[PDB]
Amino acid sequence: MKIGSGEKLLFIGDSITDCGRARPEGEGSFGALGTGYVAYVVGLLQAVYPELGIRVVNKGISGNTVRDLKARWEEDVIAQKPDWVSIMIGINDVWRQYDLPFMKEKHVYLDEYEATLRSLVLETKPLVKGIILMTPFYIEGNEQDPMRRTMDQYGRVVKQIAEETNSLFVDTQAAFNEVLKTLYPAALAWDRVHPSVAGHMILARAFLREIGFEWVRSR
């Protein structure tokens, strides 16, 4: 388990992270963590590592792109003095390109995305114990669907950033891909973005695996 006793783990991202979390504080009461993968992660950590005494904060905001994250980074991340920061961003940066293809100011293209995300990591890295970069995802098994194809390009950039910055790394797309060998997307998410409890468990598990969670500790 990478996360140590007494440390503060902060999650940030878009609606997939937000899931109705309490604003502004996003802390403690799970009511306050929202009803998706962040809350599930905290639950499982408490169920299996109750003694670790990890504090968790949810700074997800529905609708955000990486440009939105940069705009609130000082208040929502730096000022919180986390020990660990998890970032999952990109879904909207890409989705807007396809659902509002003519409101271009809503779009964040790949070059801007990469540099902005790198800038967040590099600002934050000296201040924390570690960073976990989760790729964005699209719940769609056809690699050639235009939105899946674009999402994968953003995900590959995330992976590159994580390698270069020695951040931990969660390929959320690869985790969905496995399940999409059996299920059609709609079984997980009508809209291919916002999933059922099962999708949130896919995410929570993928995150927990990357931080060295054991389902039954040998320890």
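In case it trips you up, residue 1 is the first one in the sequence shown, and so on.
Mean CA temperature factor is higher for 22 to 30 when stretches 59 to 67 and 22 to 30 are set side by side in the entry. In this entry, the higher average B-factor at the C-alpha atoms falls on 163 to 171, of the pair 188 to 196 and 163 to 171.
Within the group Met88, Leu127, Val94, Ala115, the record's highest C-alpha temperature factor is found at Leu127. Compared with the other modelled residues of the chain, the Cα B-factor recorded for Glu143 ranks in the middle third. Among the modelled residues of its chain, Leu100 has a C-alpha B-factor that falls in the highest third according to the deposited record. In the deposited entry, the Cα temperature factor of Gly43 sits in the middle third of values across the chain's modelled residues. Among the modelled residues of its chain, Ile211 has a C-alpha B-factor that falls in the highest third according to the deposited record.
In the PDB entry, a CA B factor belonging to the highest third of its chain's modelled residues is recorded for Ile54.
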